[PDB]
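**Q**
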Amino acid sequence: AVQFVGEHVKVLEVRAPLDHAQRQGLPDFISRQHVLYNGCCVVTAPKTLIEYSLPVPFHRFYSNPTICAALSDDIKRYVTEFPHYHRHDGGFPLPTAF
Amino acid sequence: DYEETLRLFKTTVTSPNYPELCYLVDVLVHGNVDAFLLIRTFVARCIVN
Amino acid sequence: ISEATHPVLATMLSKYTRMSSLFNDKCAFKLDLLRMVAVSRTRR
Amino acid sequence: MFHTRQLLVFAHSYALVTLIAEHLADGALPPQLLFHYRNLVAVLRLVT
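Protein chains in written order, with UniProt numbering: chain G, 882 to 979; chain E, 589 to 637; chain Y, 32 to 75; chain W, 638 to 685.
Structure (structure tokens):
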């Protein structure tokens with residue numbers, strides 16, 4: 882099944898206006914979303930695929946640092962340095978480009 | 589008969605022992621439909637196993 | 032892995048030595064070899 | 638000790654609970670006991 886593989890991991894920015902019924906409040910504002918084109922919803926840290934693993938905590942639903950630290954050592958030293966980001970509810974920082 | 593469905597779904601998304609093949613084959617099919625027709629007999633044993 | 036031990040490798044290496052560019056991404060050419068081997072051995 | 642009993646070795650000294658939860662992240666173990674030790678140190682980081 883190698884004949885239908887994807888290209889590469891691509892994170893995007895969906896710059897979005899709104900409908901003419903809701904842009905009455907500040908019409909020159911545009912929202913910019915953030916999507917993943919390649920990849921999937923991942924839940925368990927792959928113990929065998931650690932070298933090829935590029936963790937992308939790009940969304941607040943999917944930026945759980947309890948498993949995102951075991952995929953890159955920068956995030957691991959980030960979470961063992963900073964104690965306030967153990968709680969998965971929020972406050973764990975998002976990438977500033979996103 | 590939907591409470592068993594959400595029960596199995598929660599126990600398989602919160603599972604620590606999820607098989608780590610699923611990410612590679614998910615990015616390998618890349619949401620294509622004709623790529624899955626060859627995996628039509630690969631998934632049929634792994635699901636039951 | 033030699034040309035005398037596989038017909039598909041000796042078949043596609045003429046194609047690979049035909050094109051001269053983009054030799055630095057060897058994994059791309061090896062992945063294309065993998066996918067032509069995969070499409071060559073289907074059953075339908 | 639998980640087969641013949643339902644107990645837990647090294648569930649009585651903190652300095653080995655952390656070493657079990659940290660230095661066994663490579664694998665070589667079913668993920669259930671790592672889940673248990675991660676949840677225990679999460680209860681510790683919750684009660685703090």
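All residues carry an ideal CB built from backbone N, CA and C; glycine is no exception.
For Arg642 of chain W, which of helix, strand or coil comes out of DSSP?
**A** Of the three classes helix, strand and coil, the one that applies to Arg642 of chain W here is coil, per DSSP.
**Q** Assuming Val916 of chain G contacts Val895 of chain G under a Cβ cut-off of 8 Å, what Cβ separation, rounded to an integer in Å, is found between them?
**A** Contact flag correct, Cβ pair sits at about 6 Å.
**Q** Check for me: the alpha helix (DSSP H) holding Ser934 of chain G runs from which residue to which?
**A** That residue, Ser934 of chain G, is in no alpha helix (DSSP H); it is neither H nor E in DSSP.
**Q** In three-state terms, what does DSSP make of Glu608 of chain E?
**A** In this structure, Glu608 of chain E counts as coil in the three-state DSSP scheme.
**Q** Is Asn637 of chain E close to chain C, meaning its C-beta is less than 7 Å from at least one C-beta of that chain?
**A** Checking the listed chains, one finds no chain C in this structure; the protein chains it contains are G, E, Y and W.
**Q** With a threshold of 16 other CB atoms inside 10 Å of the CB of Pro898 of chain G, please say whether the residue is buried or exposed.
**A** Exposed.
**Q** Could you list which residues in chain E have their beta carbon closer than 7 Å to that of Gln669 of chain W, in chain order?
**A** Here the neighbours are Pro604 and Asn605.
**Q** Buried or exposed: where does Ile657 of chain W fall if 16 or more other Cβ atoms within 10 Å of its Cβ makes it buried?
**A** So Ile657 of chain W counts as buried.
**Q** Looking at chain G, is there any beta carbon in it that lies within less than 7 Å of the beta carbon of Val601 of chain E?
**A** So, interface residue.
**Q** If you drop the 5 nearest sequence neighbours on each side, which residues of the same chain put their C-beta closer than 8 Å to that of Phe647 of chain W?
**A** These residues qualify, in order along the chain: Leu653, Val654 and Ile657.
**Q** Are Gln884 of chain G and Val39 of chain Y closer than 7 Å when you measure CB to CB?
**A** Contact flag unset, no.
**Q** List, in order along the chain, the chain G residues whose C-beta lies closer than 9 Å to that of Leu616 of chain E?
**A** Near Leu616 of chain E (Cβ distances below 9 Å), the residues of chain G are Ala882, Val883, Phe885, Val886 and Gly887.
**Q** Have a look at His640 of chain W and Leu671 of chain W and give me their C-alpha separation to the nearest angstrom.
**A** Approximately 16 Å, taken between the alpha carbons.
**Q** Any idea which residues DSSP pairs residue 1044 of chain G with across the strands?
**A** Residue coverage of chain G in this structure runs from 882 to 979, which leaves residue 1044 of chain G outside it and unanswerable.
**Q** How far does the alpha helix (DSSP H) with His673 of chain W in it reach, from first residue to last?
**A** Start and end: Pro668 to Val684.
**Q** Thinking just about the alpha-carbon of each residue, which of G:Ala926, G:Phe963 and G:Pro976 is nearest to the one in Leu952 of chain G?
**A** Among G:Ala926, G:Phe963 and G:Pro976, the Cα nearest to that of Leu952 of chain G belongs to G:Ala926.
**Q** Would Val923 of chain G be called buried (16 or more neighbouring beta carbons within 10 Å of its own) or exposed?
**A** Per the 10 Å Cβ criterion, buried.
**Q** Is there contact here, the stretch 966-979 of chain G with the stretch 937-945 of chain G, by at least three beta-carbon pairs under 8 Å?
**A** A contact exists between the stretch 966-979 of chain G and the stretch 937-945 of chain G.
**Q** Between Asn945 of chain G and the rest of its own chain, which residues show a CB-CB distance below 7 Å, the 5 nearest in sequence each way excluded?
**A** Same-chain partners within the cutoff: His969.
**Q** Based on Cα-Cα distance, which residue from E:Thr602, E:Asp589, E:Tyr611 and E:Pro607 lies nearest to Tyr933 of chain G?
**A** Comparing Cα-Cα distances from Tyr933 of chain G to each of E:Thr602, E:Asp589, E:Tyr611 and E:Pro607, the minimum goes to E:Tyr611.
**Q** In the DSSP assignment, what are the bridge partners of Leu917 of chain G?
**A** Note: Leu917 of chain G sits in a beta bridge opposite G:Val892.
**Q** Please list the partners that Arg682 of chain W has in chain G, where partner means a Cβ-to-Cβ separation under 7 Å.
**A** By Cβ distance, chain G contributes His967.
**Q** Closest to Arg74 of chain Y by C-alpha separation, out of E:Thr599, E:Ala632 and E:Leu625, would be which residue?
**A** Closest option to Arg74 of chain Y, Cα to Cα, is E:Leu625.
**Q** Does chain G have any CB closer than 7 Å to the CB of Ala658 of chain W?
**A** Judged by the 7 Å Cβ criterion, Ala658 of chain W is not in contact with chain G.
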